[PDB]
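> Protein chains in written order, with the deposited numbering: chain C, 16 to 290, 311 to 322; chain D, 16 to 290, 311 to 322; chain E, 19 to 104; chain B, 6 to 688; chain A, 6 to 688.
Think of the CB as a built atom: it goes at the ideal place given N, C-alpha and C, for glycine as much as any other residue.
Got a structure here, written out as structure tokens. Questions coming.
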Amino acid sequence: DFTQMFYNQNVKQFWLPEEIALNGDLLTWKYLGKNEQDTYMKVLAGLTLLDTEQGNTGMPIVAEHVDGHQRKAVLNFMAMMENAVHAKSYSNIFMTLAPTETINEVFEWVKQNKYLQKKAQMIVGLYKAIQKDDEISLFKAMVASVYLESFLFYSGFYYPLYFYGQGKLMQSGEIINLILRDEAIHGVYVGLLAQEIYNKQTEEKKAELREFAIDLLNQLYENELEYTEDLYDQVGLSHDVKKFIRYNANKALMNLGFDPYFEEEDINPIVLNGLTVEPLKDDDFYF
Amino acid sequence: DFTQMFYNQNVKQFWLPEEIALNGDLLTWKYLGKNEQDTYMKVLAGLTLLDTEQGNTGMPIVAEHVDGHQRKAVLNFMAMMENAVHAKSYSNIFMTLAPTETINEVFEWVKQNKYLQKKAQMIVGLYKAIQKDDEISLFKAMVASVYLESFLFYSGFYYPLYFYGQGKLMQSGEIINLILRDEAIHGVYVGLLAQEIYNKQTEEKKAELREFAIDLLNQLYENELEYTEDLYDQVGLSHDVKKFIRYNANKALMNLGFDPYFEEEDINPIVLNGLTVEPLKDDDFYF
Amino acid sequence: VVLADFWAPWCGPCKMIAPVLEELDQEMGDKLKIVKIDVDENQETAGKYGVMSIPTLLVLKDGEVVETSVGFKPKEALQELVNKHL
Amino acid sequence: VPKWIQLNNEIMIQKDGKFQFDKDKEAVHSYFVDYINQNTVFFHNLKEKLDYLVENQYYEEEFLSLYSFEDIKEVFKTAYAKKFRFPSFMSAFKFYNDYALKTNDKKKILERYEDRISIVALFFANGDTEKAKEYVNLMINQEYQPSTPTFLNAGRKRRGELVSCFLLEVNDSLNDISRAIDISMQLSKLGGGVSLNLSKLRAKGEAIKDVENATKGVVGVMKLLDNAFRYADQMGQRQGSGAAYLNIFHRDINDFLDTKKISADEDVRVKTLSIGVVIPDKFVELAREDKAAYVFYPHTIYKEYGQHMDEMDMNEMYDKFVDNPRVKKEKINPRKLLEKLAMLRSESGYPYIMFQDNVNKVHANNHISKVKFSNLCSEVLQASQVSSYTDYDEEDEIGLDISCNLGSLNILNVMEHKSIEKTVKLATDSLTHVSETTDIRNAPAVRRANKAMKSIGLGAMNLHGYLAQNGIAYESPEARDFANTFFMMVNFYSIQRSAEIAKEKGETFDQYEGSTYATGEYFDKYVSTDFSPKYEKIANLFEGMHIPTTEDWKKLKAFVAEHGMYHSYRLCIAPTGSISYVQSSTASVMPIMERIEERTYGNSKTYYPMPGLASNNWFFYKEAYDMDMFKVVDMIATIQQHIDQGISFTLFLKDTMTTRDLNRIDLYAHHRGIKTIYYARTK
Amino acid sequence: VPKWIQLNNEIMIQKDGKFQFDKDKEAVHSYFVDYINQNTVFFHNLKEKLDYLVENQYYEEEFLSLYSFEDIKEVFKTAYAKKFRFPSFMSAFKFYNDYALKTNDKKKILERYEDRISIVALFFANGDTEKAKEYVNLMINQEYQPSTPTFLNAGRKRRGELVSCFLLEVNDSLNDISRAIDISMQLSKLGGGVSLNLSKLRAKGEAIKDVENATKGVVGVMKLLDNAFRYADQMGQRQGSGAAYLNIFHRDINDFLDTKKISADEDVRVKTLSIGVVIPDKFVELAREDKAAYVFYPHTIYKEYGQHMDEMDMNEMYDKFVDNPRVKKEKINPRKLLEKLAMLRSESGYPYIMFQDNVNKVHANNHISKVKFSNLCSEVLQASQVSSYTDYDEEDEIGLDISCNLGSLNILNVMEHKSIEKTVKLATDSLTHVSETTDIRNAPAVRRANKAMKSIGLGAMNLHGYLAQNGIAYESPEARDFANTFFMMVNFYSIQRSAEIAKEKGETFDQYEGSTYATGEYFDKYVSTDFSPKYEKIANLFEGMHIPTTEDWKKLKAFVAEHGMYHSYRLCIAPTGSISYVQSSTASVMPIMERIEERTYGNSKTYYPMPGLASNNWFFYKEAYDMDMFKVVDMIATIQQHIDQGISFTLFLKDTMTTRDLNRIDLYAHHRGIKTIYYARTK
Ligand SMILES: [Mg+2]
Ligand SMILES: [Mg+2]
Ligand SMILES: [Mn+2]
Ligand SMILES: [Mn+2]
Ligand SMILES: [Mn+2]
Ligand SMILES: [Mn+2]
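So this is what it looks like as structure tokens:
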């Protein structure tokens, strides 16, 4: 009942980072403190890693196991967006704002950062555990994918949105909003596929799947807290970002057909502001 | 040396089925004989069936085994074009020209056809034989992929190009020309990835891979001749189609860095109308 | 019996054959003479023997060319080539 | 497949392990008998042929009118008295495909080789029957080859110009830029290659009449000139080839170089504009010492000093520019820029490296102007003055723009005939005639410099062919000794003929008195150093020929002082890549790229063995890529010391060598006195 | 956000269901008090300000030297005596961001509105104090608005040209094309847009000196012109804008249109070159009967008949061309070409459609030349003669090239003051002064035609604003009646002022005697038809103003016959763009695109309601896209019959309306007498 409308929405949202000129951010970037620039680079690098694996591994593997040519076409399109559009856009931003050495250093930093490695290990592990014709392993990977789309990106998205909302780094911010617009529909779509599998189960099996989903969310959440503190303490925003990731965790759960898990909190209003060829006939020549 | 350049060329060639209005083809379709309509339907179904294998297996399997983030992104983009753009385009052409019952029957016929099946299963067999961390099996699959993209499609493309060059079925011919233009670049790109593997091999292993490629080409070519007579004798075109197959076989070989196999021939004019930085270390300024 | 090697300093395959000829001289140098001629400095001899690529190995017996081998050859293949004429 | 091509295809079919080089003569015989004679229209007599060609707008009636018909008939007879036979199939194929006159439908051949030669000789002589027969003997013996424009268009009505190349000085104004575009299109319409000096153009981000940061730099002018050459591309017969030259101390040097990058966007990328870089000795000094260098904004220098940046001495004015707060500049790394040059040459063959101080240290006409740039082939190094094109209805200050009339000596045929003196003098006379008869109404500066400078280009070719056919390795010291002696004799006889022409006409080139020829500074190394061969093998080649000694050079110096010099420039070695086939000669003084060239003309491959290639001289015909580029630099520097203009020096590199090897070759060329470097060919 | 911008954003904040339109005046007050009054340089007296501006090269000294300081002070007092207040924030923002003079560092503001107006008036008067005060009253009442070049650059040293347009005739030669490129760049550096007629250029595949298939067509010339305009980008502050016009019967018309296709490759596509298509009545006739049409090669026609294709009446010579075997052509489908035009305008808004016979049916100066092409804004329609630019040191044959001396009447303020006559006459005098003081040295034909034809353009703006603020719908017949009366009055007084200037100077425009003004044929419909309002409501709008009658037109015709006419052309309705904000007016005579304009400036979103918009006249301010395009065509044709030149007529199309609807609008415009169609704006 939904794939065709998602197909149409995905293809009509098609974009390339080159459509957005980035030289306009040069001055507002120059004006940020060293702490702010550091957090910003690292945040986008963490996002780049997530999209790299979502494009290389997550979306293609889910596409392989989901039945139906139209469902596969949507998932293939989403995969392309992840690595050919999203992951690449971050390099466009980096190449504009930062010198090569700072770019090299931040990519080295992703490789050695323990929270980023842990979250990649956990998510990619679940993708690679999918067994052919085994719907339960597929469900588990789809939960992981929804958590990546609708929860994990958001510790990263906070900062570009926070600047966009203050009228700073608005070209980079425009790119990020386009990425976010895509991930929102990706999270909903994968969520609907996960619910299909969940709804086939006995009540006993469903109870176990909810346990899996909640245990996984909590494990990812605890790691994301440490990641958030590590990045944002130097810019004074860790508590604010934490509220934002909890907000988005609830959206991820909802995409999976589950009740919200965290209590509602006031999000920084700055971040909220950051969001024919008809031929002629003989009678057209006389009036 | 080449992936970013191909990335650029691929994304700038992006297109969607909806861009070409198909209904005006009915004004020339109605004037074709039964044999012409039959051949066109059968050719179209042949292309559709082969392209589906490439979208579901060929491109995604190569993307899976190739190392490199940028290569995986380009390959993902190509897989997207197969599944999201090409497949929808072929379906659109069919739905415009034939009623539902006729489409189902043509696909039943072509699905049972000996020459279409022989080539489809030969290609798919090589994709299924790729082994993790074995570059020889990957190379063999890449050869199969290049043969599909740059050679096997062309016994089929001949007919739409033949009409397109005569002013018949111009809307569907425009679509086919866009598809063909994508397959050409797909073949060249996968060809470069195959040459990379080939160049890493010993001289004895190279000679062995050359023998594999020529042997495979021979098997496919002999089946193409039979496929060609089966479809085109009823419309009197087989002689010219055979010249077009050999010409495209030579292009496929050149994509794989090999010499042409067949002597140069002229092509039907109607179809033609349709178609190491080392830093200066001082002591180098003194001699 | 003489193995004459027509070579040049810029020829990559000619650099690969050099150690093979040194091993061959150690094993067979009592029955085989090995002669090297640089075709960059000695064009008249290269022209006289029609040598029109490098490395070109000529087996000579008592001044006459009895066998000709073009391109790189491993030691065992050079031993087989020379042993026919010993 | 044609019979001649199939017989030519038998060259590589080796029988008995040897190439069938004798099949090329069979190939040319088959070519003639089966295509050329059959497709050549024949007339009952020469009178009918000349009447038909004049009446059908094939020949100019003016140049044939100075001779009575008996004189023209006897010139043709002495052209056919040689009974010239092409030695290779490719020679005849190239001639009858590129230069032989054909009918308006391009279906029948109107001109033989002996008719093209006769017509060109009659054009050269200009009313002299004996001189026409001398030119006929010169060309039918293939001792001297007029440039492709001259050979193809002499005496023809459907012709462009006889000048092979033009060099334009572009001044720093919109009027001058628009006029430069106009002149570039006009001269490309004439068929000649155009080289433009963009070093006077002010840098990107400069001020236009108190409006600061308004200029697009020289790159906008490159885009304009590129589209001008694309538009005036000789209708598609051959794509319009233009050249842009910029000093390495221009601020836009990186933007100028980025035009040839593959990664460069289409908004900054040029496609028909060859790029050349002018490197003063100051840049090499800065790169050697690793000091950070500065590229300057030309308009700031013009405002501060009143002279353009390329008009001043870089070695003297660099420190003054750097210490001048009013001269805007940006800091660059000269070694990084050299590495960028090397990588650009490796990836695309551009830019043309021109060592300005290597040109001007031995430049005879530095009083007129320093040589600020070269031609499209990086071999025409002449003094030029920029033209100040003013507004409409305002008189323009016309300067000197270089026009180069080219001609090539076949070293093999010149040496085998023992006729260095006569060939050089006749070639000088022919080039003087070409310069005189050439007028260009749409280029005031080119026309003015042609009338005043009277500069000609007498090149040479088949150096490697002559050396290999004489058992001399191109890299051997004997080859350099022969080049030294031969080109010293060529320079001696060119200077002697120029002085004789100045005596006969009573006039020298404009501003001759300030040149080193008048002061005698040009002949210092000739009256001090003896250039006779040091090897007995080389000296035996010049047997029967009078090698100019020190006393002869002193006599020539006195003669030049007394009578002057008619030509400002006489010798320049062009690549001559097209006419080399017809003359059965290796291109330029460059070493051969391939022993047997593989060429595809149609659906058939046509192999061309090198002139005189055989089994006995196979390894003397060493391919240029396998040769040490330092030895080739040594050879060219030996030749260059006897050439007043430049030499089209192409660098033949292997894929194994890096950008550091290319930089080492460039710096060795600069150190050895090489004036210009043409191309970096990679195998 | 700034206080004024924040107050401006309260326009869209709706309270009680109504827009807060009164917040806009608060926005002007906040803008001035917080930004302008703080950042305007204030001097102790006008003398110090004038000395500072002339000394610092902000003003020219020559025009201020014609007045004593007492006269200048009185003029400035007259400007400030009005106490002009901007009624919308966007008006002040536009003036003080674009047209107000700023310091060289752009930090401060040197000119107020009353200062720029005073300087422009002092420039216009040329030494006359009373005339300067009259101009000050005219402009501070906002009755007349000098064009953007004239208003911006009048009396300023750092300027371009006061001329808005340049219409260049390009002859069929390489010299003429090179001169076209040169003149295009030299006029783009002056600021004005340049339009070129390319119909004389021979098509692709034509012969260049008897060699066939040599030309690359007009597309190569468009490439050259596009890169020339890109190079002359006026610092990049305003990109170089240029137009190219081609007759629809030109062979290259399909390739001419193919360059505006989005799918067109970069090897054919032009970006900075707007394109226009000139459609004679013959093409419309051929399309109407659905008979095969022919596009002709211009050079074959020139060879056969000795005249250019666009100098011959195609309605008469089309059959002669078709039955002429020596004229080359290819069959085309005129209806397919019309559909191609419609889809090209739907996709990109190009080309401009010029109905040549509609222009020339009522063209007064057909004896001088027929109107072959229009300007970049597709509203100037003047006689032009091609210039034969010959080779260097040869005298060139200079023709006539058109230039814009533009000025706009504010219909609202003109009719509120009941001063149609005074405003039209003063505007005509100012435009005459602008034309006389224009002396362009690098464009010979432009200068010659400016001196000879003395053509000016007097447009009108705020038509829709006046109609909506007076309770008249734009499509209503009362609006057309008002436009008829108003523009007949404007034409009457423009002709009267031109005749008065001719009488007072003793000279007319060149070749006036052959014009329909001298023969009296122009005044036929004016002495035979009464243009007084037919509606009582409309007639009340003109109360207190003497509407010219048939007898008054007869007296004017007699006066013109006796005394002549100074201007060849007087009236042309420009689009009136960014300067329409400053005058608080709707753009041109076009209907408003949107009731409230949503504009982005920096990081702020600014809203501009059209002037006089409120609750009572909300539905009178109907959006242009909502209007019936046929009734807009009726309105423009009613205006067009009183404008001797054209009108910049932009088509406002809905997304749902197909190419057949656009073609119907185009054919109805052709049928109703519309001369030019500017743009196809699709919503
Ligand atoms: Mg100047
Ligand atoms: Mg002409
Ligand atoms: Mn993503
Ligand atoms: Mn996603
Ligand atoms: Mn496909
Ligand atoms: Mn494909």
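1) Taking the continuous beta strand (DSSP E) assigned at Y626/B, which residues delimit it?
2) Among the residues of its own chain, which have a CB less than 8 Å from the CB of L278/B, if the five just before and after it don't count?
3) Would a C-beta distance cut-off of 8 Å place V495/B and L576/B closer than the cut-off?
4) Can you give me the C-alpha to C-alpha distance between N50/B and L195/D, rounded to a whole angstrom?
5) By the criterion of Cβ-Cβ separation under 7 Å, what are the contact partners of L315/D in chain B?
6) Would you decide whether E241/C is buried or exposed? Buried here means 16 or more other CB atoms lie within 10 Å of its CB.
7) Which residue from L76/E, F90/E, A95/E puts its Cα closest to that of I52/E?
8) According to DSSP, what are the bridge partners of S460/B?
9) Could you give the residue range of the alpha helix (DSSP H) that holds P7/B?
10) At a Cβ cut of 8 Å, what residues of the region 68-89 of chain D count as close to chain C, listed as they run along the chain?
11) Does the Cβ-Cβ distance between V364/B and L672/B come in under 8 Å?
12) Between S204/B and ligand 1, is there a pair consisting of the residue's CB and a ligand heavy atom that are separated by less than 7 Å?
13) Count the other C-beta atoms from every protein chain shown that fall within 10 angstroms of the C-beta of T428/A, then say buried if there are 16 or more, exposed otherwise.
14) Return helix, strand or coil for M359/B, following the three-state DSSP convention.
15) Check each candidate in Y118/B, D328/B, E271/B, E309/B and name the one with the smallest Cα separation from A298/B.
16) My guess is that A347/B and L667/B are in contact by the Cβ rule of under 8 Å, so how many angstroms apart are they, rounded?
17) Relative to ligand 3, what is the chain-ordered list of residues with a Cβ closer than 5 Å to any of its non-hydrogen atoms?
18) Given that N238/C touches chain D, what residues does it touch there, using C-beta distances under 7 Å?
19) Give me, in chain order, the residues of the same chain whose beta-carbon lies closer than 7 Å to that of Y174/D; leave out the 5 immediate sequence neighbours on both sides.
20) Helix, strand or coil, according to DSSP, for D671/B in the structure here?
21) For the beta strand (DSSP E) that contains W25/E, what are its first and last residues?
22) Quick one: grab the DSSP three-state call for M190/A.
23) For a quick check, are the C-beta atoms of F654/B and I641/B less than 8 Å apart?
24) Which residues are close to ligand 4, meaning CB closer than 5 Å to any heavy atom, in chain order?
25) Check each residue's C-beta against every heavy atom of ligand 1 and list, in chain order, those closer than 7 Å.
According to the structure data:
1) That residue, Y626/B, is in no beta strand (DSSP E); it is neither H nor E in DSSP.
2) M227, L230, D231, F234, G247, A248, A249, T264
3) Yes, the Cβ-Cβ distance between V495/B and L576/B is below 8 Å.
4) 60 Å
5) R340, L343, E344, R665, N668
6) exposed
7) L76/E
8) Looking at the DSSP assignment, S460/B forms no beta bridge with any residue, so it has no partner.
9) Unbroken run through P7/B: none, as it is neither H nor E.
10) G70, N71, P75, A78, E79, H84, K87, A88, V89
11) no
12) no
13) With 16 or more Cβ atoms within 10 Å of its Cβ, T428/A is classed as buried.
14) strand
15) When each option's Cα is compared against that of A298/B, the closest is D328/B.
16) 4 Å
17) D66/C, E97/C, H101/C
18) None at all; the shortest Cβ gap to chain D is about 24 Å.
19) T54, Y55, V58
20) helix
21) Taken as a continuous stretch (DSSP letters only), the beta strand (DSSP E) holding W25/E covers 20-25.
22) helix
23) yes
24) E164/C, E198/C, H201/C
25) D177/B, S178/B
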